[PDB]
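Asker: Just coords.json, nothing more (JSON, N, CA and C atoms):
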```json
[["chain", "number", "residue", "atom", "x", "y", "z"],
["A", 3, "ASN", "N", 90.81, 37.83, 98.40],
["A", 3, "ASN", "CA", 90.48, 36.53, 99.06],
["A", 3, "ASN", "C", 90.99, 36.51, 100.50],
["A", 4, "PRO", "N", 90.21, 37.07, 101.43],
["A", 4, "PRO", "CA", 90.64, 37.06, 102.83],
["A", 4, "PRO", "C", 90.55, 35.67, 103.44],
["A", 5, "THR", "N", 91.70, 35.06, 103.71],
["A", 5, "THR", "CA", 91.76, 33.67, 104.16],
["A", 5, "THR", "C", 92.40, 33.53, 105.54],
["A", 6, "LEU", "N", 93.46, 34.27, 105.83],
["A", 6, "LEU", "CA", 94.19, 34.12, 107.09],
["A", 6, "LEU", "C", 94.27, 35.41, 107.90],
["A", 7, "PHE", "N", 94.50, 36.55, 107.25],
["A", 7, "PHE", "CA", 94.64, 37.83, 107.95],
["A", 7, "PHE", "C", 95.65, 37.75, 109.09],
["A", 8, "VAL", "N", 96.80, 37.14, 108.81],
["A", 8, "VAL", "CA", 97.87, 37.09, 109.80],
["A", 8, "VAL", "C", 99.15, 37.69, 109.24],
["A", 9, "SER", "N", 99.71, 37.07, 108.19],
["A", 9, "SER", "CA", 100.98, 37.52, 107.65],
["A", 9, "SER", "C", 100.96, 37.68, 106.13],
["A", 10, "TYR", "N", 100.28, 36.76, 105.44],
["A", 10, "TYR", "CA", 100.34, 36.70, 103.98],
["A", 10, "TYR", "C", 99.00, 37.00, 103.31],
["A", 11, "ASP", "N", 98.01, 37.48, 104.06],
["A", 11, "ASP", "CA", 96.71, 37.78, 103.46],
["A", 11, "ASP", "C", 96.81, 38.97, 102.50],
["A", 12, "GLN", "N", 97.53, 40.01, 102.90],
["A", 12, "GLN", "CA", 97.70, 41.22, 102.11],
["A", 12, "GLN", "C", 99.19, 41.36, 101.80],
["A", 13, "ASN", "N", 99.60, 40.83, 100.65],
["A", 13, "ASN", "CA", 100.99, 40.90, 100.24],
["A", 13, "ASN", "C", 101.22, 42.14, 99.37],
["A", 14, "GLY", "N", 102.45, 42.65, 99.42],
["A", 14, "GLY", "CA", 102.78, 43.88, 98.73],
["A", 14, "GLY", "C", 102.67, 45.08, 99.64],
["A", 15, "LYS", "N", 103.01, 44.89, 100.91],
["A", 15, "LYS", "CA", 102.93, 45.97, 101.89],
["A", 15, "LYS", "C", 104.05, 46.98, 101.67],
["A", 16, "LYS", "N", 104.00, 48.06, 102.44],
["A", 16, "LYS", "CA", 104.98, 49.13, 102.35],
["A", 16, "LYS", "C", 106.16, 48.94, 103.29],
["A", 17, "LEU", "N", 106.23, 47.80, 103.97],
["A", 17, "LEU", "CA", 107.33, 47.43, 104.86],
["A", 17, "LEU", "C", 107.49, 48.40, 106.01],
["A", 18, "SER", "N", 106.47, 49.18, 106.35],
["A", 18, "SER", "CA", 106.54, 50.17, 107.42],
["A", 18, "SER", "C", 107.57, 51.25, 107.09],
["A", 19, "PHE", "N", 107.53, 51.69, 105.83],
["A", 19, "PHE", "CA", 108.44, 52.72, 105.35],
["A", 19, "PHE", "C", 107.68, 54.01, 105.06],
["A", 20, "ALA", "N", 108.35, 55.13, 105.29],
["A", 20, "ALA", "CA", 107.82, 56.46, 105.03],
["A", 20, "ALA", "C", 108.78, 57.23, 104.14],
["A", 21, "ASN", "N", 108.23, 58.21, 103.42],
["A", 21, "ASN", "CA", 109.01, 59.00, 102.47],
["A", 21, "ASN", "C", 109.48, 60.29, 103.14],
["A", 22, "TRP", "N", 110.30, 60.11, 104.17],
["A", 22, "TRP", "CA", 110.94, 61.25, 104.85],
["A", 22, "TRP", "C", 112.11, 60.71, 105.66],
["A", 23, "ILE", "N", 113.29, 61.28, 105.44],
["A", 23, "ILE", "CA", 114.52, 60.84, 106.10],
["A", 23, "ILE", "C", 114.80, 61.75, 107.29],
["A", 24, "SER", "N", 115.18, 61.15, 108.41],
["A", 24, "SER", "CA", 115.40, 61.86, 109.67],
["A", 24, "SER", "C", 116.89, 61.84, 109.99],
["A", 25, "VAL", "N", 117.53, 63.00, 109.86],
["A", 25, "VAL", "CA", 118.92, 63.17, 110.27],
["A", 25, "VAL", "C", 118.91, 63.48, 111.76],
["A", 26, "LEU", "N", 119.32, 62.50, 112.57],
["A", 26, "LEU", "CA", 119.18, 62.64, 114.02],
["A", 26, "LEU", "C", 119.98, 63.82, 114.56],
["A", 27, "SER", "N", 121.14, 64.11, 113.97],
["A", 27, "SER", "CA", 121.95, 65.23, 114.43],
["A", 27, "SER", "C", 121.70, 66.44, 113.54],
["A", 28, "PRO", "N", 121.54, 67.64, 114.10],
["A", 28, "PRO", "CA", 121.31, 68.83, 113.26],
["A", 28, "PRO", "C", 122.59, 69.21, 112.53],
["A", 29, "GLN", "N", 122.50, 69.31, 111.20],
["A", 29, "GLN", "CA", 123.65, 69.59, 110.35],
["A", 29, "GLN", "C", 123.34, 70.69, 109.34],
["A", 30, "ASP", "N", 122.43, 71.59, 109.69],
["A", 30, "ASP", "CA", 122.08, 72.70, 108.82],
["A", 30, "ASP", "C", 122.90, 73.94, 109.17],
["A", 31, "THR", "N", 123.04, 74.83, 108.19],
["A", 31, "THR", "CA", 123.81, 76.06, 108.35],
["A", 31, "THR", "C", 123.01, 77.22, 107.77],
["A", 32, "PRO", "N", 122.03, 77.73, 108.53],
["A", 32, "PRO", "CA", 121.20, 78.83, 108.00],
["A", 32, "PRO", "C", 121.99, 80.08, 107.66],
["A", 33, "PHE", "N", 123.24, 80.21, 108.12],
["A", 33, "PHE", "CA", 123.99, 81.44, 107.89],
["A", 33, "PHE", "C", 124.18, 81.70, 106.40],
["A", 34, "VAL", "N", 124.77, 80.74, 105.69],
["A", 34, "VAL", "CA", 125.03, 80.93, 104.26],
["A", 34, "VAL", "C", 123.73, 81.00, 103.48],
["A", 35, "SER", "N", 122.76, 80.15, 103.83],
["A", 35, "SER", "CA", 121.47, 80.18, 103.16],
["A", 35, "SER", "C", 120.77, 81.52, 103.32],
["A", 36, "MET", "N", 121.03, 82.24, 104.41],
["A", 36, "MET", "CA", 120.48, 83.57, 104.59],
["A", 36, "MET", "C", 121.28, 84.60, 103.79],
["A", 37, "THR", "N", 122.61, 84.58, 103.94],
["A", 37, "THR", "CA", 123.46, 85.49, 103.18],
["A", 37, "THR", "C", 123.41, 85.11, 101.71],
["A", 38, "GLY", "N", 122.72, 85.92, 100.91],
["A", 38, "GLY", "CA", 122.54, 85.60, 99.50],
["A", 38, "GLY", "C", 123.81, 85.84, 98.71],
["A", 39, "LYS", "N", 124.06, 84.98, 97.73],
["A", 39, "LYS", "CA", 125.22, 85.10, 96.86],
["A", 39, "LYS", "C", 124.87, 85.92, 95.62],
["A", 40, "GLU", "N", 125.88, 86.61, 95.09],
["A", 40, "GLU", "CA", 125.72, 87.46, 93.92],
["A", 40, "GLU", "C", 126.68, 87.00, 92.83],
["A", 41, "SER", "N", 126.23, 87.10, 91.59],
["A", 41, "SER", "CA", 126.99, 86.60, 90.46],
["A", 41, "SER", "C", 127.93, 87.66, 89.91],
["A", 42, "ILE", "N", 129.10, 87.22, 89.45],
["A", 42, "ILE", "CA", 130.06, 88.07, 88.76],
["A", 42, "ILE", "C", 130.56, 87.32, 87.53],
["A", 43, "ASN", "N", 130.39, 87.93, 86.36],
["A", 43, "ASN", "CA", 130.80, 87.30, 85.11],
["A", 43, "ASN", "C", 132.27, 87.59, 84.80],
["A", 44, "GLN", "N", 132.66, 88.86, 84.86],
["A", 44, "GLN", "CA", 134.04, 89.24, 84.57],
["A", 44, "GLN", "C", 134.94, 88.84, 85.74],
["A", 45, "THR", "N", 136.21, 89.23, 85.63],
["A", 45, "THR", "CA", 137.21, 88.97, 86.67],
["A", 45, "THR", "C", 138.07, 90.20, 86.92],
["A", 46, "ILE", "N", 137.51, 91.39, 86.72],
["A", 46, "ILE", "CA", 138.21, 92.65, 86.95],
["A", 46, "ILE", "C", 137.44, 93.46, 87.99],
["A", 47, "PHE", "N", 136.86, 92.77, 88.97],
["A", 47, "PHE", "CA", 136.00, 93.39, 89.97],
["A", 47, "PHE", "C", 136.69, 94.56, 90.67],
["A", 48, "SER", "N", 135.90, 95.41, 91.32],
["A", 48, "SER", "CA", 136.43, 96.54, 92.07],
["A", 48, "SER", "C", 135.32, 97.10, 92.96],
["A", 49, "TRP", "N", 135.67, 97.41, 94.20],
["A", 49, "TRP", "CA", 134.73, 98.00, 95.15],
["A", 49, "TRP", "C", 135.36, 99.23, 95.79],
["A", 50, "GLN", "N", 134.50, 100.09, 96.34],
["A", 50, "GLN", "CA", 134.90, 101.38, 96.88],
["A", 50, "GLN", "C", 134.60, 101.44, 98.37],
["A", 51, "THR", "N", 135.45, 102.15, 99.10],
["A", 51, "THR", "CA", 135.29, 102.38, 100.53],
["A", 51, "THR", "C", 135.28, 103.88, 100.80],
["B", 102, "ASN", "N", 137.18, 106.35, 85.84],
["B", 102, "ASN", "CA", 137.54, 105.45, 86.93],
["B", 102, "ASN", "C", 136.50, 104.34, 87.04],
["B", 103, "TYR", "N", 136.72, 103.43, 87.98],
["B", 103, "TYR", "CA", 135.87, 102.27, 88.18],
["B", 103, "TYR", "C", 134.99, 102.40, 89.42],
["B", 104, "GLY", "N", 135.57, 102.75, 90.56],
["B", 104, "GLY", "CA", 134.81, 103.01, 91.76],
["B", 104, "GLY", "C", 134.83, 104.48, 92.13],
["B", 105, "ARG", "N", 135.94, 105.15, 91.82],
["B", 105, "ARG", "CA", 136.06, 106.57, 92.11],
["B", 105, "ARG", "C", 134.97, 107.38, 91.41],
["B", 106, "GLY", "N", 134.41, 106.84, 90.33],
["B", 106, "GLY", "CA", 133.40, 107.56, 89.57],
["B", 106, "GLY", "C", 134.01, 108.67, 88.74],
["B", 107, "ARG", "N", 134.58, 109.66, 89.41],
["B", 107, "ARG", "CA", 135.29, 110.75, 88.76],
["B", 107, "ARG", "C", 136.22, 111.37, 89.80],
["B", 108, "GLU", "N", 136.76, 112.55, 89.47],
["B", 108, "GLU", "CA", 137.64, 113.27, 90.38],
["B", 108, "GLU", "C", 136.99, 114.51, 90.98],
["B", 109, "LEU", "N", 135.84, 114.94, 90.47],
["B", 109, "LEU", "CA", 135.18, 116.14, 90.97],
["B", 109, "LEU", "C", 134.06, 115.81, 91.95],
["B", 110, "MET", "N", 133.08, 115.01, 91.53],
["B", 110, "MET", "CA", 131.92, 114.75, 92.37],
["B", 110, "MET", "C", 132.30, 113.95, 93.61],
["B", 111, "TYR", "N", 133.17, 112.95, 93.45],
["B", 111, "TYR", "CA", 133.62, 112.16, 94.59],
["B", 111, "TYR", "C", 134.33, 113.04, 95.61],
["B", 112, "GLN", "N", 135.28, 113.85, 95.14],
["B", 112, "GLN", "CA", 135.99, 114.75, 96.05],
["B", 112, "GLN", "C", 135.03, 115.73, 96.71],
["B", 113, "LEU", "N", 134.04, 116.23, 95.96],
["B", 113, "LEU", "CA", 133.12, 117.21, 96.51],
["B", 113, "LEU", "C", 132.26, 116.59, 97.61],
["B", 114, "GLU", "N", 131.74, 115.38, 97.39],
["B", 114, "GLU", "CA", 130.92, 114.74, 98.41],
["B", 114, "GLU", "C", 131.77, 114.36, 99.62],
["B", 115, "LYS", "N", 133.01, 113.94, 99.39],
["B", 115, "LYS", "CA", 133.91, 113.64, 100.50],
["B", 115, "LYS", "C", 134.16, 114.89, 101.35],
["B", 116, "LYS", "N", 134.43, 116.02, 100.68],
["B", 116, "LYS", "CA", 134.65, 117.26, 101.41],
["B", 116, "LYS", "C", 133.37, 117.74, 102.09],
["B", 117, "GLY", "N", 132.21, 117.45, 101.51],
["B", 117, "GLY", "CA", 130.96, 117.77, 102.18],
["B", 117, "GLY", "C", 130.81, 117.01, 103.48],
["B", 118, "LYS", "N", 131.07, 115.71, 103.44],
["B", 118, "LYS", "CA", 131.04, 114.92, 104.67],
["B", 118, "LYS", "C", 132.06, 115.46, 105.68],
["B", 119, "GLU", "N", 133.26, 115.81, 105.21],
["B", 119, "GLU", "CA", 134.28, 116.31, 106.12],
["B", 119, "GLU", "C", 133.85, 117.61, 106.78],
["B", 120, "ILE", "N", 133.28, 118.54, 106.01],
["B", 120, "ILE", "CA", 132.85, 119.81, 106.58],
["B", 120, "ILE", "C", 131.67, 119.59, 107.51],
["B", 121, "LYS", "N", 130.81, 118.62, 107.22],
["B", 121, "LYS", "CA", 129.72, 118.31, 108.14],
["B", 121, "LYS", "C", 130.27, 117.83, 109.49],
["B", 122, "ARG", "N", 131.24, 116.92, 109.45],
["B", 122, "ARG", "CA", 131.86, 116.45, 110.68],
["B", 122, "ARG", "C", 132.51, 117.60, 111.44],
["B", 123, "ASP", "N", 133.27, 118.44, 110.74],
["B", 123, "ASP", "CA", 133.94, 119.57, 111.39],
["B", 123, "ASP", "C", 132.92, 120.53, 111.99],
["B", 124, "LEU", "N", 131.80, 120.75, 111.29],
["B", 124, "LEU", "CA", 130.76, 121.63, 111.80],
["B", 124, "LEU", "C", 130.17, 121.07, 113.09],
["B", 125, "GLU", "N", 129.83, 119.78, 113.09],
["B", 125, "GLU", "CA", 129.29, 119.17, 114.30],
["B", 125, "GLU", "C", 130.27, 119.29, 115.45],
["B", 126, "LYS", "N", 131.56, 119.04, 115.18],
["B", 126, "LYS", "CA", 132.56, 119.13, 116.24],
["B", 126, "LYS", "C", 132.65, 120.55, 116.79],
["B", 127, "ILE", "N", 132.71, 121.54, 115.90],
["B", 127, "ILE", "CA", 132.85, 122.92, 116.34],
["B", 127, "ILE", "C", 131.61, 123.36, 117.12],
["B", 128, "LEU", "N", 130.44, 122.84, 116.76],
["B", 128, "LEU", "CA", 129.22, 123.23, 117.46],
["B", 128, "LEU", "C", 129.13, 122.56, 118.83],
["B", 129, "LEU", "N", 129.54, 121.30, 118.94],
["B", 129, "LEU", "CA", 129.39, 120.56, 120.18],
["B", 129, "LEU", "C", 130.57, 120.75, 121.14],
["B", 130, "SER", "N", 131.68, 121.31, 120.68],
["B", 130, "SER", "CA", 132.83, 121.48, 121.56],
["B", 130, "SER", "C", 132.56, 122.54, 122.62],
["B", 131, "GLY", "N", 132.13, 123.73, 122.19],
["B", 131, "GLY", "CA", 131.88, 124.82, 123.11],
["B", 131, "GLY", "C", 132.79, 126.01, 122.86],
["B", 132, "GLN", "N", 132.21, 127.11, 122.38],
["B", 132, "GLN", "CA", 132.97, 128.32, 122.10],
["B", 132, "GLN", "C", 132.00, 129.48, 122.04],
["B", 133, "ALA", "N", 132.36, 130.59, 122.67],
["B", 133, "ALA", "CA", 131.50, 131.76, 122.71],
["B", 133, "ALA", "C", 131.77, 132.67, 121.52],
["B", 134, "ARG", "N", 130.76, 133.45, 121.16],
["B", 134, "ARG", "CA", 130.89, 134.38, 120.04],
["B", 134, "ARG", "C", 132.00, 135.39, 120.32],
["B", 135, "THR", "N", 132.70, 135.79, 119.26],
["B", 135, "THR", "CA", 133.79, 136.75, 119.38],
["B", 135, "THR", "C", 133.75, 137.83, 118.30],
["B", 136, "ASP", "N", 132.68, 137.91, 117.51],
["B", 136, "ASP", "CA", 132.59, 138.94, 116.49],
["B", 136, "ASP", "C", 132.67, 140.32, 117.12],
["B", 137, "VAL", "N", 133.43, 141.21, 116.49],
["B", 137, "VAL", "CA", 133.67, 142.55, 117.01],
["B", 137, "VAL", "C", 132.50, 143.43, 116.60],
["B", 138, "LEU", "N", 131.55, 143.62, 117.52],
["B", 138, "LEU", "CA", 130.41, 144.50, 117.28],
["B", 138, "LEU", "C", 130.24, 145.48, 118.44],
["B", 139, "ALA", "N", 130.64, 145.07, 119.64],
["B", 139, "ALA", "CA", 130.62, 145.93, 120.82],
["B", 139, "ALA", "C", 129.21, 146.45, 121.11],
["B", 140, "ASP", "N", 128.32, 145.51, 121.43],
["B", 140, "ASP", "CA", 126.95, 145.78, 121.87],
["B", 140, "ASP", "C", 126.05, 146.24, 120.73],
["B", 141, "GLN", "N", 126.56, 146.32, 119.50],
["B", 141, "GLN", "CA", 125.77, 146.75, 118.35],
["B", 141, "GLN", "C", 125.19, 145.58, 117.58],
["B", 142, "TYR", "N", 124.88, 144.47, 118.26],
["B", 142, "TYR", "CA", 124.31, 143.31, 117.59],
["B", 142, "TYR", "C", 122.97, 143.67, 116.95],
["B", 143, "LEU", "N", 122.03, 144.16, 117.75],
["B", 143, "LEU", "CA", 120.80, 144.75, 117.24],
["B", 143, "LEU", "C", 121.12, 146.16, 116.76],
["B", 144, "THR", "N", 120.10, 146.98, 116.52],
["B", 144, "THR", "CA", 120.28, 148.37, 116.11],
["B", 144, "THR", "C", 121.32, 148.46, 114.99],
["B", 145, "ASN", "N", 120.90, 147.98, 113.82],
["B", 145, "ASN", "CA", 121.79, 147.50, 112.77],
["B", 145, "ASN", "C", 123.14, 148.21, 112.75],
["B", 146, "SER", "N", 123.14, 149.54, 112.89],
["B", 146, "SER", "CA", 124.38, 150.28, 113.13],
["B", 146, "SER", "C", 125.39, 150.04, 112.01],
["B", 147, "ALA", "N", 125.06, 150.60, 110.85],
["B", 147, "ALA", "CA", 125.88, 150.47, 109.65],
["B", 147, "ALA", "C", 127.35, 150.66, 110.00],
["B", 148, "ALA", "N", 128.24, 150.13, 109.16],
["B", 148, "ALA", "CA", 129.61, 149.79, 109.56],
["B", 148, "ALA", "C", 130.36, 150.93, 110.25],
["B", 149, "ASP", "N", 129.80, 152.14, 110.27],
["B", 149, "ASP", "CA", 130.40, 153.22, 111.05],
["B", 149, "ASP", "C", 131.81, 153.51, 110.54],
["B", 150, "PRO", "N", 131.95, 154.16, 109.37],
["B", 150, "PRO", "CA", 133.28, 154.36, 108.79],
["B", 150, "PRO", "C", 134.30, 154.90, 109.80],
["B", 151, "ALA", "N", 135.58, 154.71, 109.49],
["B", 151, "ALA", "CA", 136.73, 154.89, 110.36],
["B", 151, "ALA", "C", 136.89, 153.70, 111.32]]
```
Have the structure of the file written as structure tokens, please.

Answerer:
Amino acid sequence: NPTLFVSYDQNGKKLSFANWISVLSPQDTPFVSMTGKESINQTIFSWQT
Amino acid sequence: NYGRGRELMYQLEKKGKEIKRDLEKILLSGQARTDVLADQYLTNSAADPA
């Protein structure tokens, strides 16, 4: 029922919201994400040089 | 052993690397031949008893 088309004609709007958050300051650390981690089950590890 | 693997193969490969390094050093340092042949390098010249 289009009656006014000013403020209340189409109720249930999205409030001008988007589904993506913007971190204004860069806080990523590609170093660790690049260096892959390896699993160890035991606790008697040993490496050679 | 755990990392050593054993006592024979590890030591052998280590000594192989060592002799390779020593070989490269001896080749790149600079030294002239000194084998006692006295111009008999060619002309096979069997050991010439006495």

Asker: Assuming 6 Å of padding per side, give the centre and edge lengths of the axis-aligned box around every listed atom of stretch 136-142 of chain B, in Å to one decimal and as AutoDock Vina command-line options.

Answerer:
```
--center_x 128.3 --center_y 142.3 --center_z 119.2 --size_x 22.7 --size_y 20.8 --size_z 17.4
```

Asker: Atom CA of residue B:129 and atom CA of residue B:117 are how many Å apart?

Answerer: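 About the pair atom CA of residue B:129 and atom CA of residue B:117: they are 18.3 Å apart.
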
Asker: Counting all atoms listed in the file, which residues in chain A sit no more than 7 Å from chain B? For each one, give the nearest pair of atoms and the distance in Å, sorted by chain then residue number, as JSON lines.

Answerer:
```
{"residue": "A:48", "atom": "C", "partner": "B:104", "partner_atom": "CA", "distance": 6.1}
{"residue": "A:49", "atom": "C", "partner": "B:104", "partner_atom": "CA", "distance": 5.6}
{"residue": "A:50", "atom": "CA", "partner": "B:104", "partner_atom": "CA", "distance": 5.4}
```

Asker: Could you find all residues in chain B that DSSP calls alpha helix (DSSP H) from the backbone, and write them as a ChimeraX atom specification?

Answerer: /B:110-130

Asker: Mind checking which residues fall within 12 Å of residue A:3, counting only C-alpha atoms, ignoring those fewer than 5 positions away in the same chain, and posting them as a list in words?

Answerer: residues 10, 11, 12 and 13 of chain A

Asker: Atom C of residue A:22 to atom CA of residue A:34: how many Å, to one decimal?

Answerer: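 Atom C of residue A:22 sits 24.0 Å away from atom CA of residue A:34.
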
Asker: Rounded to one decimal, what separation in Å do you get between atom N of residue B:148 and atom N of residue B:136?

Answerer: 15.5 Å

Asker: Please output stretch 21-34 of chain A, rebuilt to include N, CA, C and O atoms, as an mmCIF file, in the frame of the given file.

Answerer:
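Produced file rebuild_20.cif, reproduced below:
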```cif
data_model
loop_
_atom_site.group_PDB
_atom_site.id
_atom_site.type_symbol
_atom_site.label_atom_id
_atom_site.label_comp_id
_atom_site.auth_asym_id
_atom_site.auth_seq_id
_atom_site.Cartn_x
_atom_site.Cartn_y
_atom_site.Cartn_z
ATOM 1 N N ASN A 21 108.230 58.210 103.420
ATOM 2 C CA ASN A 21 109.010 59.000 102.470
ATOM 3 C C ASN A 21 109.480 60.290 103.140
ATOM 4 O O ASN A 21 109.130 61.409 102.754
ATOM 5 N N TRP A 22 110.300 60.110 104.170
ATOM 6 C CA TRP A 22 110.940 61.250 104.850
ATOM 7 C C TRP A 22 112.110 60.710 105.660
ATOM 8 O O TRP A 22 111.936 59.790 106.462
ATOM 9 N N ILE A 23 113.290 61.280 105.440
ATOM 10 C CA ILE A 23 114.520 60.840 106.100
ATOM 11 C C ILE A 23 114.800 61.750 107.290
ATOM 12 O O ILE A 23 114.674 62.978 107.186
ATOM 13 N N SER A 24 115.180 61.150 108.410
ATOM 14 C CA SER A 24 115.400 61.860 109.670
ATOM 15 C C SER A 24 116.890 61.840 109.990
ATOM 16 O O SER A 24 117.441 60.802 110.360
ATOM 17 N N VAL A 25 117.530 63.000 109.860
ATOM 18 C CA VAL A 25 118.920 63.170 110.270
ATOM 19 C C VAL A 25 118.910 63.480 111.760
ATOM 20 O O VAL A 25 118.526 64.574 112.183
ATOM 21 N N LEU A 26 119.320 62.500 112.570
ATOM 22 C CA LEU A 26 119.180 62.640 114.020
ATOM 23 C C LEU A 26 119.980 63.820 114.560
ATOM 24 O O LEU A 26 119.537 64.480 115.505
ATOM 25 N N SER A 27 121.140 64.110 113.970
ATOM 26 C CA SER A 27 121.950 65.230 114.430
ATOM 27 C C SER A 27 121.700 66.440 113.540
ATOM 28 O O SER A 27 121.653 66.298 112.316
ATOM 29 N N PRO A 28 121.540 67.640 114.100
ATOM 30 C CA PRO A 28 121.310 68.830 113.260
ATOM 31 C C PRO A 28 122.590 69.210 112.530
ATOM 32 O O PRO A 28 123.639 69.420 113.145
ATOM 33 N N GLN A 29 122.500 69.310 111.200
ATOM 34 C CA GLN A 29 123.650 69.590 110.350
ATOM 35 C C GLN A 29 123.340 70.690 109.340
ATOM 36 O O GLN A 29 123.924 70.720 108.257
ATOM 37 N N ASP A 30 122.430 71.590 109.690
ATOM 38 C CA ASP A 30 122.080 72.700 108.820
ATOM 39 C C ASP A 30 122.900 73.940 109.170
ATOM 40 O O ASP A 30 123.389 74.086 110.292
ATOM 41 N N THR A 31 123.040 74.830 108.190
ATOM 42 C CA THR A 31 123.810 76.060 108.350
ATOM 43 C C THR A 31 123.010 77.220 107.770
ATOM 44 O O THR A 31 123.260 77.674 106.652
ATOM 45 N N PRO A 32 122.030 77.730 108.530
ATOM 46 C CA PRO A 32 121.200 78.830 108.000
ATOM 47 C C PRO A 32 121.990 80.080 107.660
ATOM 48 O O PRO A 32 121.463 80.936 106.942
ATOM 49 N N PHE A 33 123.240 80.210 108.120
ATOM 50 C CA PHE A 33 123.990 81.440 107.890
ATOM 51 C C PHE A 33 124.180 81.700 106.400
ATOM 52 O O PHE A 33 123.826 82.774 105.891
ATOM 53 N N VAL A 34 124.770 80.740 105.690
ATOM 54 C CA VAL A 34 125.030 80.930 104.260
ATOM 55 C C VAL A 34 123.730 81.000 103.480
ATOM 56 O O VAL A 34 123.572 81.820 102.568
#
```
